[PDB]
4 protein chains.
Amino acid sequence: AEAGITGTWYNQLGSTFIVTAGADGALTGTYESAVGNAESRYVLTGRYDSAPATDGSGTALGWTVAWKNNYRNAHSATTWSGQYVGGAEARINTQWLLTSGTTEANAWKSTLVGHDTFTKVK
Amino acid sequence: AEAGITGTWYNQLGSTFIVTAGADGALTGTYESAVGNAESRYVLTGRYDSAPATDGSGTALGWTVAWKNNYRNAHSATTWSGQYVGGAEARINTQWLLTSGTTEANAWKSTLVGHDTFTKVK
Amino acid sequence: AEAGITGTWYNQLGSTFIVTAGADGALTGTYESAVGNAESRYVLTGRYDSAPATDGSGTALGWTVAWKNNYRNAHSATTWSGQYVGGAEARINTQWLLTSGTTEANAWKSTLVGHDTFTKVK
Amino acid sequence: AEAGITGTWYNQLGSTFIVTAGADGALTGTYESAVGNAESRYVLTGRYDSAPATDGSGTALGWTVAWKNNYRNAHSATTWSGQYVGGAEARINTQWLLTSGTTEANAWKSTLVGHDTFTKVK
Ligand SMILES: O=C(O)CCCC[C@@H]1SC[C@@H]2NC(=O)N[C@@H]21
Ligand SMILES: O=C(O)CCCC[C@@H]1SC[C@@H]2NC(=O)N[C@@H]21
Ligand SMILES: O=C(O)CCCC[C@@H]1SC[C@@H]2NC(=O)N[C@@H]21
Ligand SMILES: O=C(O)CCCC[C@@H]1SC[C@@H]2NC(=O)N[C@@H]21
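Conventions we followed
Residues numbered from 1 in each chain as written, not as in the entry; some residues may be left out. Chains lettered and ligands numbered in written order. Heavy atoms only, no water. Helix = DSSP H or I, 4+ residues; strand = E, 2+ residues; numbered from the N terminus. Rg over C-alpha atoms; globule rule 2.2 N^0.38 Å. UniProt positions renumbered as here; feature names shortened; annotations may be inferred. Contact = heavy atoms within 4.5 Å. Buried < 20%, exposed > 50% of the residue type's maximum accessible area, 1.4 Å probe, protein only. Near = heavy atom within 4 Å. Polar contact = N/O pair within 3.5 Å; in protein donor to acceptor, adjacent residues only side chain to side chain. Nonpolar A, V, L, I, M, F, W, Y, C, P; charged D, E, K, R; others polar. Buried area = accessible area lost by both parts, 1.4 Å probe. Salt bridge = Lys/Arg side-chain N within 4 Å of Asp/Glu carboxyl O. Least-squares fit on C-alpha atoms. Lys, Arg positive; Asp, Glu negative; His and termini not counted. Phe/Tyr/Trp six-rings, centres within 6.5 Å; stacked < 30°, edge-to-face > 60°. Areas by Shrake-Rupley, 256 points an atom, 1.4 Å probe, with all protein chains shown as cover. Core = buried A, V, L, I, M, F, W, Y, C linked by side-chain atoms within 4.5 Å.

1. What about the overall build of chain A?
For step 1, the next point in the chain: Each helix and strand in chain A was counted, giving 1 helix and 8 strands.
For step 2, the next point in the chain: Ordered by position in the sequence, the α and β elements of chain A form the string α-β-β-β-β-β-β-β-β.
For step 3, the next point in the chain: For a compact globule of 122 residues, the expected C-alpha radius of gyration is about 14 Å, and chain A comes in at 15 Å, within 12% of that figure.
For step 4, the next point in the chain: Here the C-alpha coordinates of chain A stretch approximately 50 × 25 × 25 Å along the principal axes.

Dropping the structure here:
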């Protein structure tokens, strides 16, 4: 739900995700990573299912962060794909792909894959 | 500069990606999939490295599509992570994650992974 | 180490992994899944780094299970890629790819991606 | 029957995969990578569906290579998951996970993901 997703969330690495869920299915916010070649906040944009299934199914969503801001540029971008599970202890469970810009020769090793779990703070 | 990301692209499945890259790193556009539980166009939003390295590296980028529009709702979302390589034959090489909203018991098989290659040739 | 990997392990879904680490870097054993189109034990074979780095780095390994045994055939195969972290509480952290045999037309949705964490039992 | 998996295959990077498929589902052979921290041949072991569906589906399979041999040790392992499609131009289409042994603090970037297509044409 927009109100359920909107808020501040943190993942197991200590990174911060601040997001606003729009009525049209849009997600905008900022992300601050606790690891990597990153410093300060980065803009994020994404989309979510604004009319999810009325059962105990999660709400599918995804967002992207290109790691360039006014202080640093890592020449990479990460996309998180997952689902929001609301409730008393709402969590957003994701898997992500982090691609670095590389020359053609090194393209085979351009993408890392991982998973992050986010917990919402009050 | 010289980032011919803006335009209409097609992937190996025949899906159509129409995007506009903003000078500050935003990607906005529509996606029409030739496969899956989809019909017509869907809104996409993403981010890209607006200041890539000056060596022969590609430009990292990523975008998301929540598969809900006025015609259908598949209760899923896809994120594409990859890089743009320009020149005579430009391409956007990506790997994607498609997550469907599931119940807790089916969460283990909620995500599909694949790769798409886009060109401006139909 | 072979002795550290050898044993019975269980993951968060309740599946059982029984493996033997060979001196030559081989892994053989059986796997019993708590979910999916599976019943009883399946043969698994894999490889691991038998001469890992002497620091607090994990030992890289991987294994495969084709989901066909004498009782059932799911026409799929899963490969787990990860690292073994030994100690008092040794764990094997992995990410996996599960591919189903499909017709060419449905190949785009043939592979699921996920992650499993295994705990060793005494 | 009619599974021409046994043989020498090459992927788009020029790597060589030599495998023997056993009547009961085992895959054994050697791998020589054209890229990465590798030299010469490495042992691989895997599994495949020895009784695939009788519809036009591919045969699911997977294999692992731990990158240690008498010449080098990269302290990593790769697992390829995919399916074999036979006919005039047979192919093995795969997605892979390459995990490097890391320390706990770098575990988040321990795994690379990519895709390789193998053909019997050099
Ligand atoms: O190093 C880079 O290329 C940019 C920073 C990457 C940080 C990654 S994104 C996925 C994972 N989850 C996080 O919170 N941070 C790391
Ligand atoms: O079936 C669904 O859940 C929605 C449509 C999914 C279409 C996918 S997204 C990745 C791949 N690339 C495409 O162009 N289409 C498929
Ligand atoms: O349903 C199938 O196609 C065969 C069974 C798949 C079980 C999967 S493998 C990855 C995940 N981890 C497990 O322990 N079981 C599921
Ligand atoms: O660099 C390493 O850690 C060992 C060599 C990795 C080679 C990889 S495995 C996936 C991809 N496919 C290949 O044929 N080679 C690269």
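2. Re the UniProt feature "binding site: biotin" in chain A
For step 1, the next point in the chain: Feature annotation in UniProt assigns "binding site: biotin" to the following positions: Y31, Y42, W80, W96 and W108 of chain A. A maximum C-alpha distance of 27.2 Å shows the annotated residues, which cover 78 residues in sequence, to be distributed over more than one spot.
For step 2, the next point in the chain: If we skip the residues at most four places from it in the chain, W96 of chain A touches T78, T79, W80, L112, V113, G114, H115 and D116 of chain A, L97 of chain B together with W108 of chain D.
For step 3, the next point in the chain: Relative to the helices and strands, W108 of chain A resides in the loop between β7 (91-100) and β8 (111-120).
For step 4, the next point in the chain: Classification of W108 of chain A as buried rests on a relative accessible area of 19%.
For step 5, the next point in the chain: Excluding anything up to four places from it in sequence, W108 of chain A contacts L13, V35, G36, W96 and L98 of chain D.

3. Description of the site of ligand 2
For step 1, the next point in the chain: Lining the immediate environment of ligand 2, one finds 17 residues, of which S15, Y31, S33, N37 and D116 of chain B sit closest.
For step 2, the next point in the chain: Chains contributing residues to the immediate surroundings of ligand 2 are chains B and C.
For step 3, the next point in the chain: The contact in question runs from an oxygen atom of ligand 2 to an N or O atom on the side chain of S76 of chain B, over 2.9 Å.
For step 4, the next point in the chain: Mapped onto the shell around ligand 2, the elements with two or more residues apiece are β6 (73-85) and β7 (91-100) of chain B.
For step 5, the next point in the chain: Ranked by residue count, the leading element in the shell around ligand 2 is β6 of chain B, at 4 residues.
For step 6, the next point in the chain: Looking at the shell around ligand 2 residue by residue, the classes come out as 9 nonpolar, 7 polar and 1 charged.

4. Description of the interface of chain B and chain A
For step 1, the next point in the chain: Taken residue by residue, the interface counts 43 residues in chain B and 43 residues in chain A.
For step 2, the next point in the chain: Carbon and sulfur atoms make up 58% of the area that chain B and chain A hide from each other, which totals about 3,000 Å².
For step 3, the next point in the chain: When residues of chain B are sorted by the area they lose upon contact with chain A, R47, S81 and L97 of chain B head the list and together hold 18% of the total.
For step 4, the next point in the chain: Here chain B is connected to chain A by 0 salt bridges.
For step 5, the next point in the chain: Where chain B meets chain A, there are 18 residue pairs in polar contact.
For step 6, the next point in the chain: Listed by contribution, the elements that provide at least two residues to the side of chain B that touches chain A are β4 (42-48), β5 (59-68), β6 and β7 of chain B.
For step 7, the next point in the chain: Looking at the side of chain B that touches chain A, the element that brings in the most residues is β6 of chain B, giving 9 residues.
For step 8, the next point in the chain: Classifying every residue of the side of chain B that touches chain A by side-chain character gives 16 nonpolar, 23 polar and 4 charged.

5. Considering the relation of the copies chain B and chain A
For step 1, the next point in the chain: Once chain B has been moved 0.1 Å along the axis and rotated by 180°, it coincides with chain A to within an RMSD of 1.3 Å. Classification of the inter-copy transformation places it as that of a two-fold axis.
For step 2, the next point in the chain: Looking at the interface residues of chain B, 98% of them are also at the interface in chain A, so both copies use one shared face.

6. Some remarks on the side chain of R47 of chain C
For step 1, the next point in the chain: Relative to the elements of secondary structure, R47 of chain C occurs in strand β4 (residues 42-48).
For step 2, the next point in the chain: Here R47 of chain C occupies a buried position and makes no salt bridge, while the nearest side chain of opposite charge, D24 of chain C, is found at 4.5 Å.
For step 3, the next point in the chain: In this structure the side chain of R47 of chain C is engaged in a polar contact, spanning 3.0 Å, whose partner is the backbone oxygen of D24 of chain C.
For step 4, the next point in the chain: Not counting chain neighbours up to four residues away, the residues in contact with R47 of chain C comprise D24, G25, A26, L27, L61 and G62 of chain C together with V43, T45, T64, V65 and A66 of chain D.

7. Some thoughts on the packing of aromatic side chains
For step 1, the next point in the chain: This model, assessed by the stated rule, comprises 44 aromatic pairs over all chains.
For step 2, the next point in the chain: Pairwise contacts between aromatic rings join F17, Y31, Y42, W63, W67, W80 and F118 of chain A into one cluster.

8. Remarks on the site of ligand 3
For step 1, the next point in the chain: Close contacts around ligand 3 come from 17 residues, with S15, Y31, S33, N37 and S76 of chain C the closest.
For step 2, the next point in the chain: Near ligand 3, residues from chains B and C are present, making the site a shared one.
For step 3, the next point in the chain: Residue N11 of chain C places a side-chain N or O atom 3.0 Å away from an oxygen atom belonging to ligand 3.
For step 4, the next point in the chain: Here ligand 3, which alone exposes 410 Å², has 95% of that area covered by the protein.
For step 5, the next point in the chain: Breaking the shell around ligand 3 down by element, the ones donating at least two residues are β6 (73-85) and β7 (91-100) of chain C.

9. Some words on the relation of the copies chain A and chain D
For step 1, the next point in the chain: Under the fitted operation, chain A is carried onto chain D by 0.0 Å of movement along the axis and a turn of 178°, and the coordinates agree to an RMSD of 1.3 Å.
For step 2, the next point in the chain: Residue by residue, 100% of the interface of chain A is reproduced at the interface of chain D, so both copies engage with the same surface.

10. Considerations on the interface of chain A and chain D
A common way to report how large an interface is uses the accessible area buried once the components associate.
For step 1, the next point in the chain: The interface of chain A with chain D comprises 11 residues on the first partner and 11 residues on the second.
For step 2, the next point in the chain: Taking both sides of the interface into account, the surface hidden between chain A and chain D amounts to around 1,000 Å²; carbon and sulfur atoms contribute 80%.
For step 3, the next point in the chain: The interface formed by chain A and chain D includes 0 salt bridges.
For step 4, the next point in the chain: Between the two partners, chain A and chain D, sit 2 residue pairs in polar contact.
For step 5, the next point in the chain: Those elements that provide at least two residues to the side of chain A that touches chain D are β7 and β8 of chain A.
For step 6, the next point in the chain: Split into classes, the residues belonging to the side of chain A that touches chain D amount to 8 nonpolar, 2 polar and 1 charged.

11. What about the environment of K68 of chain B?
For step 1, the next point in the chain: Along the chain, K68 of chain B falls in strand β5.
For step 2, the next point in the chain: A sequence separation of 26 residues divides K68 of chain B from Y42 of chain B, and the C-alpha atoms of the two residues are 7.0 Å apart.
For step 3, the next point in the chain: With sequence-adjacent residues up to four places away left out, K68 of chain B is seen in contact with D49, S50 and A51 of chain A together with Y42 and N73 of chain B.

12. Concerning the environment of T94 of chain C
Residue and element names in this part refer to chain C.
For step 1, the next point in the chain: Note that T94 resides in strand β7.
For step 2, the next point in the chain: Spatially, the C-alpha atoms of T94 and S81 are 5.4 Å apart, while their sequence positions differ by 13 residues.
For step 3, the next point in the chain: If we skip the residues at most four places from it in the chain, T94 touches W63, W80, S81, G82, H115, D116 and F118.

13. Thoughts on the nonpolar core
The nonpolar side chains of soluble globular proteins are, as a tendency, buried together.
For step 1, the next point in the chain: With 49 residues, the main nonpolar core has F17, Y31 and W63 of chain B together with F17, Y31, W63 and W67 of chain C as its most contacted residues.
For step 2, the next point in the chain: Within the second largest apolar cluster, 48 residues are counted, among which are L61 and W67 of chain A together with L44 and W63 of chain D.

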